[PDB]
Number of protein chains: 2
Amino acid sequence: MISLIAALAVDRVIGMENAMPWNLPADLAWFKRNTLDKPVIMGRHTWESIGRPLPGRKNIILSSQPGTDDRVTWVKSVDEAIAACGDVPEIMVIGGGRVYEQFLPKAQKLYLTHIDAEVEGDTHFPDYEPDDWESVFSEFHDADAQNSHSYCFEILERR
Amino acid sequence: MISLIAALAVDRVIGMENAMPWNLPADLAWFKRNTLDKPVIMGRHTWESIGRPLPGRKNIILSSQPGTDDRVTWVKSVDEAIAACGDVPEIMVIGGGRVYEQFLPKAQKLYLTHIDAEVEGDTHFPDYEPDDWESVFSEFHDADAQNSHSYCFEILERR
Ligand SMILES: Nc1nc(=O)c2c([nH]1)NC[C@H](CCc1ccc(C(=O)N[C@@H](CCC(=O)O)C(=O)O)cc1)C2
Ligand SMILES: [Ca+2]
Ligand SMILES: [Cl-]
Ligand SMILES: [Cl-]
């Protein structure tokens with residue numbers, strides 16, 4: 001099945017012109033825990049942002065342009081991206097906006113990090129219908145010595 | 001000689017306990033490049049913020065309470081902290097607020113990172129009369145895909 005994993009600020013802001021104004025090592029630890037050993041599909045902008053390939057995961061870049069790196073798999077279509085994952089139980093889609101939009105309809109589960117930050121965004125997470133999803137796990141945390149803002153983990157399953 | 005290194009948001013606000021709302025990896029690289037191979041002195045909250053001994057540096061913690069960990073040197077007073085550094089060219093003071101206050105009088109250099117972020121905070125870096133200090137280096141950088149805000153590195157020398 002396919003899942004989407006994303007961090008959302010208030011109003012579902014997922015991206016800014018520049019780097020997000022928060023420091024959440026615990027959020028990154030949750031993203032790792034939930035994507036390790038799984039294939040991850042991402043757009044080119046998200047890739048360039050990352051820096052390098054995510055260790056221990058098969059990195060798949062969905063883009064219309066030519067691949068610039070031989071350490072990862074470049075695909076031109078959603079179907080292409082999926083086939084490239086092969087036979088696995090779960091496929092994680094990691095953004096950004098456009099990629100999330102394109103895969104939401106096929107998605108069965110959402111792993112979200114709601115962050116308490118009010119920011120002006122460039123891109124937002126597609127709108128999802130709360131009536132259509134079931135919250136199966138939620139966990140609130142306040143900001144602390146290593147995390148700049150308060151955040152909440154949530155996992156939802158399609159009804 | 002003694003130097004203090006700090007990251008200041010608008011109005012000289014500095015962290016108190018929770019991590020600051022920004023993400024500036026270029027600033028941590030500057031931090032590292034300037035403290036490596038030198039003794040660093042810090043207070044107890046800074047120490048929780050960091051979360052482990054900084055590698056390649058002699059870690060000195062000034063605090064009135066118990067020395068939890070064995071990997072660093074724990075002192076109860078300024079003089080005690082200084083002594084622990086031994087005979088070296090530069091001692092780096094890394095905060096927090098009170099620690100900065102205690103060492104400023106003795107400081108000969110300041111390494112500051114001015115960040116273009118409006119943050120509500122209780123603490124402020126000690127007021128330094130810019131006239132007793134000579135600004136010897138200043139370099140501005142805009143925010144980008146990896147750094148959430150604009151920042152400006154600056155070195156001041158006490159005259
Ligand atoms: N320039 C500057 N920026 C800051 O944010 C601070 C200061 N100074 N001085 C005080 C305090 C320091 C907090 C602080 C210091 C180091 C690391 C750290 O992880 N240091 C590594 C760098 C690792 C890296 O580049 O990720 C290091 O080895 O210095 C984190 C927090 C905060
Ligand atoms: Ca439930
Ligand atoms: Cl993208
Ligand atoms: Cl402190």
# chains A, B, ... in the order shown; residues from 1 in each chain; ligands from 1
>>> interface_residues(of="chain A", to="chain B", cutoff="7 Å", atoms="only C-alpha atoms", output="JSON, numbers by chain")
{"A": [18, 19, 20, 21, 22, 23, 49, 143, 144, 145, 146, 147, 148]}
>>> select_by_dssp(residues="range 41-153 of chain A", states="strand (DSSP E)", output="PyMOL selection string")
chain A and resi 41-43+58-62+73-75+91-93+109-115+123-124+133-141+151-153
>>> calpha_fit_and_write(fixed="chain B", moving="chain A", output="short mmCIF file (atom, residue, chain, number, x, y, z; two decimals) with N, CA and C atoms, in the first residue's frame")
data_model
loop_
_atom_site.label_atom_id
_atom_site.label_comp_id
_atom_site.auth_asym_id
_atom_site.auth_seq_id
_atom_site.Cartn_x
_atom_site.Cartn_y
_atom_site.Cartn_z
N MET A 1 43.27 34.32 26.10
CA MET A 1 42.18 35.26 26.28
C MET A 1 40.80 34.58 26.24
N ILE A 2 39.76 35.32 26.63
CA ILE A 2 38.48 34.66 26.60
C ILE A 2 37.57 35.27 25.54
N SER A 3 36.78 34.49 24.80
CA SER A 3 35.85 35.08 23.83
C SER A 3 34.50 34.49 24.15
N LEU A 4 33.47 35.20 23.67
CA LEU A 4 32.09 34.77 23.84
C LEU A 4 31.63 34.54 22.40
N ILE A 5 30.81 33.51 22.26
CA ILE A 5 30.25 33.13 20.95
C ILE A 5 28.77 32.97 21.14
N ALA A 6 27.91 33.68 20.37
CA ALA A 6 26.49 33.57 20.61
C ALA A 6 25.72 33.91 19.37
N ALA A 7 24.46 33.48 19.32
CA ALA A 7 23.60 33.81 18.13
C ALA A 7 22.53 34.72 18.72
N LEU A 8 22.32 35.90 18.14
CA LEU A 8 21.35 36.83 18.70
C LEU A 8 20.25 37.15 17.73
N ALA A 9 19.02 37.05 18.19
CA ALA A 9 17.92 37.41 17.34
C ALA A 9 17.72 38.93 17.54
N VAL A 10 16.66 39.57 16.95
CA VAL A 10 16.48 41.00 17.17
C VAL A 10 16.35 41.27 18.67
N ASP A 11 16.80 42.43 19.19
CA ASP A 11 16.73 42.75 20.61
C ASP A 11 17.59 41.84 21.44
N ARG A 12 18.58 41.24 20.77
CA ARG A 12 19.46 40.38 21.52
C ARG A 12 18.91 39.17 22.19
N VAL A 13 17.81 38.63 21.70
CA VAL A 13 17.22 37.43 22.25
C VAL A 13 18.21 36.32 21.92
N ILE A 14 18.51 35.53 22.94
CA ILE A 14 19.42 34.41 22.83
C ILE A 14 18.74 33.11 23.21
N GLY A 15 17.70 33.21 24.02
CA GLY A 15 16.98 32.00 24.49
C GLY A 15 15.48 32.19 24.67
N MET A 16 14.74 31.08 24.48
CA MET A 16 13.29 30.95 24.58
C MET A 16 12.96 29.84 25.53
N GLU A 17 11.68 29.76 25.84
CA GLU A 17 11.31 28.70 26.75
C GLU A 17 11.68 27.36 26.08
N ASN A 18 11.38 27.29 24.76
CA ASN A 18 11.67 26.07 24.01
C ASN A 18 12.76 26.30 22.98
N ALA A 19 13.02 25.29 22.14
CA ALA A 19 14.07 25.44 21.10
C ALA A 19 13.84 26.66 20.20
N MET A 20 14.93 27.39 19.77
CA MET A 20 14.84 28.57 18.91
C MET A 20 14.18 28.15 17.59
N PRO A 21 13.28 28.97 17.04
CA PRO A 21 12.56 28.69 15.81
C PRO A 21 13.28 29.01 14.53
N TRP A 22 14.45 28.42 14.36
CA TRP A 22 15.22 28.63 13.15
C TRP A 22 16.09 27.44 12.89
N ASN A 23 16.42 27.30 11.61
CA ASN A 23 17.25 26.17 11.21
C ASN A 23 18.42 26.75 10.43
N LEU A 24 19.58 26.86 11.10
CA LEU A 24 20.75 27.46 10.50
C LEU A 24 22.00 26.60 10.49
N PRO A 25 22.00 25.60 9.62
CA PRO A 25 23.16 24.74 9.51
C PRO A 25 24.41 25.57 9.24
N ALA A 26 24.30 26.72 8.57
CA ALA A 26 25.54 27.47 8.33
C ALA A 26 26.10 28.13 9.55
N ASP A 27 25.19 28.41 10.47
CA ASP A 27 25.52 29.02 11.73
C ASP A 27 26.20 27.95 12.57
N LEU A 28 25.69 26.72 12.49
CA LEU A 28 26.34 25.71 13.30
C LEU A 28 27.73 25.42 12.75
N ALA A 29 27.87 25.52 11.45
CA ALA A 29 29.18 25.28 10.88
C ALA A 29 30.18 26.35 11.30
N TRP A 30 29.72 27.60 11.43
CA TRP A 30 30.56 28.71 11.87
C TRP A 30 30.96 28.55 13.38
N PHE A 31 30.04 28.06 14.19
CA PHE A 31 30.23 27.83 15.64
C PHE A 31 31.31 26.74 15.78
N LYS A 32 31.18 25.68 15.00
CA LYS A 32 32.19 24.61 15.05
C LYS A 32 33.57 25.07 14.65
N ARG A 33 33.60 25.73 13.49
CA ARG A 33 34.85 26.25 12.97
C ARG A 33 35.53 27.14 13.99
N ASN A 34 34.71 27.89 14.72
CA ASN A 34 35.32 28.81 15.66
C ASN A 34 35.53 28.26 17.05
N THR A 35 35.04 27.05 17.31
CA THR A 35 35.28 26.54 18.69
C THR A 35 36.14 25.27 18.69
N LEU A 36 36.34 24.69 17.53
CA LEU A 36 37.10 23.46 17.49
C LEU A 36 38.49 23.58 18.09
N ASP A 37 38.89 22.56 18.84
CA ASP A 37 40.21 22.55 19.44
C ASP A 37 40.42 23.57 20.50
N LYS A 38 39.33 24.06 21.07
CA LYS A 38 39.44 25.04 22.14
C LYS A 38 38.58 24.53 23.31
N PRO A 39 38.84 25.00 24.53
CA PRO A 39 38.00 24.60 25.61
C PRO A 39 36.73 25.51 25.47
N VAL A 40 35.58 25.01 25.89
CA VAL A 40 34.31 25.70 25.85
C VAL A 40 33.72 25.55 27.25
N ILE A 41 33.28 26.71 27.73
CA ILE A 41 32.67 26.84 29.03
C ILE A 41 31.17 27.12 28.84
N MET A 42 30.34 26.40 29.56
CA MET A 42 28.94 26.59 29.42
C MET A 42 28.24 26.31 30.71
N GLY A 43 27.01 26.79 30.81
CA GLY A 43 26.14 26.59 31.96
C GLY A 43 25.43 25.24 31.85
N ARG A 44 24.76 24.82 32.92
CA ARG A 44 24.10 23.56 32.92
C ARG A 44 22.92 23.47 32.00
N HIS A 45 22.17 24.56 31.90
CA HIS A 45 21.00 24.53 31.00
C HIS A 45 21.43 24.34 29.58
N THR A 46 22.54 25.07 29.21
CA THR A 46 23.06 24.95 27.85
C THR A 46 23.55 23.52 27.67
N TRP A 47 24.16 22.95 28.72
CA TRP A 47 24.64 21.58 28.57
C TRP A 47 23.51 20.56 28.29
N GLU A 48 22.49 20.61 29.11
CA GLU A 48 21.35 19.72 28.97
C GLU A 48 20.72 19.92 27.60
N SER A 49 20.87 21.11 27.09
CA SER A 49 20.28 21.31 25.79
C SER A 49 21.04 20.60 24.72
N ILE A 50 22.35 20.66 24.86
CA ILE A 50 23.16 20.06 23.84
C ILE A 50 22.97 18.59 23.59
N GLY A 51 22.85 17.83 24.64
CA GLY A 51 22.68 16.42 24.38
C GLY A 51 23.94 15.64 24.77
N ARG A 52 25.01 15.97 24.08
CA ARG A 52 26.25 15.28 24.37
C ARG A 52 27.35 16.32 24.40
N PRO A 53 28.52 15.81 24.70
CA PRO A 53 29.71 16.65 24.72
C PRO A 53 30.00 17.03 23.28
N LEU A 54 30.51 18.23 23.12
CA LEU A 54 30.89 18.72 21.80
C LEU A 54 32.21 17.99 21.40
N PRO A 55 32.22 17.27 20.28
CA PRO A 55 33.45 16.55 19.92
C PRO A 55 34.66 17.37 19.66
N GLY A 56 35.83 16.90 20.03
CA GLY A 56 36.97 17.67 19.70
C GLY A 56 37.18 18.96 20.44
N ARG A 57 36.50 19.10 21.58
CA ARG A 57 36.71 20.29 22.39
C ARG A 57 36.70 19.80 23.86
N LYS A 58 37.33 20.53 24.77
CA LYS A 58 37.26 20.12 26.18
C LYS A 58 36.02 20.84 26.71
N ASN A 59 35.05 20.10 27.18
CA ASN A 59 33.79 20.64 27.66
C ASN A 59 33.79 20.91 29.11
N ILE A 60 33.60 22.18 29.45
CA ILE A 60 33.61 22.52 30.88
C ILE A 60 32.25 23.06 31.37
N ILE A 61 31.61 22.41 32.34
CA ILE A 61 30.29 22.91 32.78
C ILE A 61 30.37 23.70 34.06
N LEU A 62 29.92 24.95 34.01
CA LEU A 62 29.96 25.80 35.21
C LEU A 62 28.61 25.70 35.89
N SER A 63 28.62 25.11 37.07
CA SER A 63 27.36 24.97 37.77
C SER A 63 27.55 24.82 39.26
N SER A 64 26.49 25.09 40.00
CA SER A 64 26.51 24.98 41.43
C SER A 64 26.10 23.57 41.84
N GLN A 65 25.43 22.85 40.96
CA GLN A 65 25.01 21.50 41.28
C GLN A 65 25.99 20.38 40.94
N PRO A 66 25.65 19.18 41.39
CA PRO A 66 26.53 18.08 41.13
C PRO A 66 26.58 17.62 39.69
N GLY A 67 27.78 17.25 39.32
CA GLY A 67 27.93 16.80 37.98
C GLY A 67 27.20 15.52 37.67
N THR A 68 26.49 15.52 36.60
CA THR A 68 25.77 14.35 36.20
C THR A 68 26.50 13.55 35.11
N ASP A 69 27.66 13.97 34.59
CA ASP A 69 28.31 13.21 33.53
C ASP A 69 29.82 13.18 33.67
N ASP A 70 30.42 11.99 33.49
CA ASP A 70 31.85 11.81 33.63
C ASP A 70 32.61 12.06 32.38
N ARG A 71 31.93 12.53 31.33
CA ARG A 71 32.62 12.80 30.07
C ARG A 71 33.05 14.26 30.01
N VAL A 72 32.66 15.04 31.01
CA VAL A 72 33.02 16.45 30.95
C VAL A 72 33.48 16.89 32.29
N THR A 73 33.99 18.14 32.43
CA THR A 73 34.50 18.72 33.68
C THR A 73 33.50 19.64 34.28
N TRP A 74 33.21 19.40 35.52
CA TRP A 74 32.27 20.23 36.19
C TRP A 74 33.04 21.14 37.14
N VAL A 75 32.72 22.44 37.11
CA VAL A 75 33.34 23.50 37.93
C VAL A 75 32.23 24.31 38.60
N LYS A 76 32.62 24.91 39.72
CA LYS A 76 31.76 25.71 40.59
C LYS A 76 32.06 27.19 40.55
N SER A 77 33.05 27.63 39.84
CA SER A 77 33.24 29.05 39.86
C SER A 77 33.91 29.42 38.56
N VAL A 78 33.83 30.71 38.33
CA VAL A 78 34.42 31.28 37.16
C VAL A 78 35.92 31.00 37.17
N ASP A 79 36.60 31.26 38.31
CA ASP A 79 38.03 31.06 38.45
C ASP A 79 38.38 29.62 38.24
N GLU A 80 37.47 28.82 38.76
CA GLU A 80 37.57 27.37 38.66
C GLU A 80 37.54 26.97 37.19
N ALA A 81 36.55 27.54 36.49
CA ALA A 81 36.39 27.28 35.06
C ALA A 81 37.62 27.69 34.27
N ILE A 82 38.13 28.88 34.56
CA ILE A 82 39.29 29.33 33.85
C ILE A 82 40.50 28.45 34.08
N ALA A 83 40.76 28.12 35.36
CA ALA A 83 41.92 27.31 35.64
C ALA A 83 41.83 25.98 34.97
N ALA A 84 40.63 25.51 34.88
CA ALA A 84 40.50 24.22 34.25
C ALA A 84 40.89 24.22 32.79
N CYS A 85 40.94 25.38 32.14
CA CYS A 85 41.28 25.46 30.73
C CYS A 85 42.72 25.32 30.52
N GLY A 86 43.41 25.61 31.60
CA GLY A 86 44.84 25.51 31.49
C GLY A 86 45.45 26.66 30.72
N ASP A 87 46.59 26.31 30.12
CA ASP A 87 47.34 27.28 29.36
C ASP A 87 46.99 27.37 27.88
N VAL A 88 45.85 27.90 27.53
CA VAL A 88 45.62 27.92 26.12
C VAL A 88 45.45 29.37 25.72
N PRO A 89 45.60 29.58 24.41
CA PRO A 89 45.47 30.91 23.85
C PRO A 89 44.07 31.49 23.94
N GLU A 90 43.09 30.65 23.64
CA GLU A 90 41.75 31.17 23.68
C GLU A 90 40.70 30.29 24.31
N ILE A 91 39.88 30.92 25.12
CA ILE A 91 38.81 30.22 25.84
C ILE A 91 37.47 30.64 25.31
N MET A 92 36.63 29.68 24.92
CA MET A 92 35.36 30.13 24.40
C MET A 92 34.24 29.91 25.40
N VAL A 93 33.45 30.93 25.62
CA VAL A 93 32.32 30.82 26.54
C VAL A 93 31.09 30.69 25.68
N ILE A 94 30.26 29.61 25.81
CA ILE A 94 29.11 29.45 24.92
C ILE A 94 27.69 29.64 25.47
N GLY A 95 27.62 30.31 26.59
CA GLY A 95 26.29 30.56 27.16
C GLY A 95 25.88 29.60 28.23
N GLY A 96 24.65 29.86 28.72
CA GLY A 96 23.73 30.94 28.28
C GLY A 96 23.92 32.30 29.00
N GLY A 97 22.80 33.04 29.06
CA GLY A 97 22.69 34.38 29.64
C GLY A 97 23.59 34.75 30.82
N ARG A 98 23.32 34.06 31.93
CA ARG A 98 24.05 34.24 33.14
C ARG A 98 25.56 34.02 32.94
N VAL A 99 25.90 32.99 32.19
CA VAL A 99 27.31 32.69 31.98
C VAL A 99 27.86 33.78 31.16
N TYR A 100 27.11 34.21 30.14
CA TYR A 100 27.72 35.28 29.33
C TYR A 100 28.00 36.56 30.14
N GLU A 101 27.04 36.88 31.01
CA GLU A 101 27.14 38.06 31.87
C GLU A 101 28.35 38.07 32.74
N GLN A 102 28.55 36.94 33.40
CA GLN A 102 29.68 36.72 34.25
C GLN A 102 31.00 36.76 33.55
N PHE A 103 31.07 36.37 32.28
CA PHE A 103 32.36 36.45 31.63
C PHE A 103 32.60 37.67 30.73
N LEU A 104 31.54 38.41 30.36
CA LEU A 104 31.73 39.58 29.49
C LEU A 104 32.83 40.56 29.93
N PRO A 105 32.90 40.84 31.22
CA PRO A 105 33.89 41.77 31.68
C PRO A 105 35.33 41.36 31.47
N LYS A 106 35.54 40.09 31.35
CA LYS A 106 36.90 39.63 31.16
C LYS A 106 37.17 39.33 29.68
N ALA A 107 36.11 39.38 28.88
CA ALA A 107 36.18 39.06 27.47
C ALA A 107 36.85 40.10 26.62
N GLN A 108 37.65 39.61 25.67
CA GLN A 108 38.34 40.48 24.74
C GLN A 108 37.76 40.45 23.33
N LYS A 109 37.01 39.42 23.04
CA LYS A 109 36.46 39.29 21.71
C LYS A 109 35.10 38.62 21.73
N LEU A 110 34.26 39.02 20.76
CA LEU A 110 32.93 38.52 20.53
C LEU A 110 32.72 37.94 19.15
N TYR A 111 32.18 36.75 19.07
CA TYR A 111 31.93 36.22 17.73
C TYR A 111 30.39 36.12 17.78
N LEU A 112 29.74 36.95 16.99
CA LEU A 112 28.27 36.98 17.00
C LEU A 112 27.66 36.65 15.65
N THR A 113 26.50 36.03 15.69
CA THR A 113 25.66 35.67 14.55
C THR A 113 24.38 36.49 14.79
N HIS A 114 24.14 37.52 13.94
CA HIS A 114 22.92 38.30 14.14
C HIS A 114 21.88 37.66 13.24
N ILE A 115 20.75 37.24 13.80
CA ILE A 115 19.75 36.60 12.98
C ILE A 115 18.52 37.48 12.85
N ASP A 116 17.96 37.57 11.65
CA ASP A 116 16.77 38.39 11.44
C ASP A 116 15.50 37.66 11.82
N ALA A 117 15.24 37.54 13.12
CA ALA A 117 14.03 36.85 13.53
C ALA A 117 13.47 37.68 14.68
N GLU A 118 12.18 37.98 14.69
CA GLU A 118 11.66 38.78 15.79
C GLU A 118 11.00 37.76 16.70
N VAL A 119 11.48 37.58 17.91
CA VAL A 119 10.87 36.57 18.78
C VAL A 119 10.76 37.11 20.21
N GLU A 120 9.89 36.51 21.01
CA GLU A 120 9.77 36.97 22.38
C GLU A 120 10.82 36.19 23.15
N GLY A 121 11.74 36.82 23.86
CA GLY A 121 12.70 35.92 24.49
C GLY A 121 12.61 35.70 25.98
N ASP A 122 13.29 34.69 26.43
CA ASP A 122 13.31 34.42 27.82
C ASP A 122 14.59 35.11 28.34
N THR A 123 15.73 34.84 27.67
CA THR A 123 17.02 35.41 28.05
C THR A 123 17.55 36.17 26.84
N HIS A 124 18.42 37.13 27.13
CA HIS A 124 19.01 38.00 26.16
C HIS A 124 20.46 38.06 26.45
N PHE A 125 21.22 38.50 25.47
CA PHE A 125 22.64 38.63 25.58
C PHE A 125 22.84 39.89 26.39
N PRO A 126 23.81 39.98 27.28
CA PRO A 126 24.02 41.21 28.03
C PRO A 126 24.26 42.35 27.07
N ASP A 127 23.96 43.52 27.54
CA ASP A 127 24.12 44.66 26.68
C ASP A 127 25.56 45.06 26.52
N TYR A 128 26.03 45.27 25.29
CA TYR A 128 27.41 45.66 25.08
C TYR A 128 27.40 47.03 24.45
N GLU A 129 28.46 47.79 24.73
CA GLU A 129 28.64 49.13 24.23
C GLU A 129 29.50 49.16 22.99
N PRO A 130 28.78 49.37 21.91
CA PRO A 130 29.28 49.47 20.56
C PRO A 130 30.46 50.40 20.48
N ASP A 131 30.52 51.41 21.33
CA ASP A 131 31.63 52.34 21.32
C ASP A 131 32.86 51.65 21.86
N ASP A 132 32.64 50.68 22.72
CA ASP A 132 33.71 49.94 23.32
C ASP A 132 34.26 48.77 22.48
N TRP A 133 33.57 48.38 21.39
CA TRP A 133 34.00 47.25 20.57
C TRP A 133 34.30 47.62 19.16
N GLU A 134 35.23 46.86 18.58
CA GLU A 134 35.59 47.13 17.20
C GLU A 134 35.21 45.97 16.29
N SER A 135 34.39 46.25 15.28
CA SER A 135 33.98 45.21 14.32
C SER A 135 35.15 44.99 13.36
N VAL A 136 35.65 43.77 13.30
CA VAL A 136 36.76 43.43 12.47
C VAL A 136 36.36 42.46 11.38
N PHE A 137 35.13 42.06 11.32
CA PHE A 137 34.75 41.14 10.26
C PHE A 137 33.24 41.09 10.32
N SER A 138 32.60 41.07 9.19
CA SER A 138 31.15 40.98 9.14
C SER A 138 30.77 40.32 7.83
N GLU A 139 29.75 39.50 7.87
CA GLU A 139 29.43 38.84 6.61
C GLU A 139 27.95 38.47 6.61
N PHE A 140 27.20 39.07 5.65
CA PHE A 140 25.79 38.90 5.47
C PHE A 140 25.39 37.78 4.53
N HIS A 141 24.38 37.01 4.94
CA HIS A 141 23.85 35.96 4.15
C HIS A 141 22.32 35.91 4.17
N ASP A 142 21.69 35.63 3.04
CA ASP A 142 20.25 35.51 3.04
C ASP A 142 19.86 34.09 3.37
N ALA A 143 18.60 33.91 3.68
CA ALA A 143 18.07 32.60 3.96
C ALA A 143 18.21 31.83 2.63
N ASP A 144 18.30 30.51 2.67
CA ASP A 144 18.42 29.74 1.45
C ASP A 144 17.72 28.38 1.63
N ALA A 145 17.99 27.47 0.69
CA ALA A 145 17.41 26.14 0.74
C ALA A 145 17.74 25.45 2.03
N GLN A 146 18.83 25.75 2.72
CA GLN A 146 19.01 25.00 3.96
C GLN A 146 18.96 25.87 5.20
N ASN A 147 18.91 27.23 5.08
CA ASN A 147 18.93 28.14 6.25
C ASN A 147 17.64 28.91 6.31
N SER A 148 16.90 28.85 7.43
CA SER A 148 15.60 29.50 7.49
C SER A 148 15.48 30.99 7.51
N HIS A 149 16.54 31.64 7.95
CA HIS A 149 16.48 33.06 8.05
C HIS A 149 17.75 33.68 7.53
N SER A 150 17.71 35.01 7.36
CA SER A 150 18.93 35.63 6.92
C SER A 150 19.76 35.85 8.20
N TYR A 151 21.11 35.88 8.09
CA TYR A 151 21.99 36.04 9.28
C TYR A 151 23.29 36.73 8.88
N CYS A 152 23.91 37.27 9.86
CA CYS A 152 25.18 37.95 9.67
C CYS A 152 26.24 37.62 10.71
N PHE A 153 27.41 37.16 10.25
CA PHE A 153 28.52 36.85 11.11
C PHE A 153 29.27 38.14 11.35
N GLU A 154 29.68 38.22 12.59
CA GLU A 154 30.42 39.36 13.01
C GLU A 154 31.45 39.01 14.08
N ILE A 155 32.64 39.60 14.03
CA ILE A 155 33.64 39.35 15.09
C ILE A 155 34.03 40.76 15.55
N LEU A 156 34.02 40.97 16.84
CA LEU A 156 34.37 42.24 17.47
C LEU A 156 35.48 42.01 18.50
N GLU A 157 36.34 43.03 18.56
CA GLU A 157 37.50 43.06 19.45
C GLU A 157 37.35 44.22 20.37
N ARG A 158 37.66 44.00 21.65
CA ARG A 158 37.49 45.04 22.64
C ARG A 158 38.39 46.24 22.36
N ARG A 159 37.89 47.48 22.36
CA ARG A 159 38.80 48.62 22.08
C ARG A 159 39.73 48.90 23.27
#
>>> select_by_dssp(residues="chain A", states="helix (DSSP H, G or I)", output="PyMOL selection string")
chain A and resi 10-12+25-35+44-50+78-85+97-106+130-132
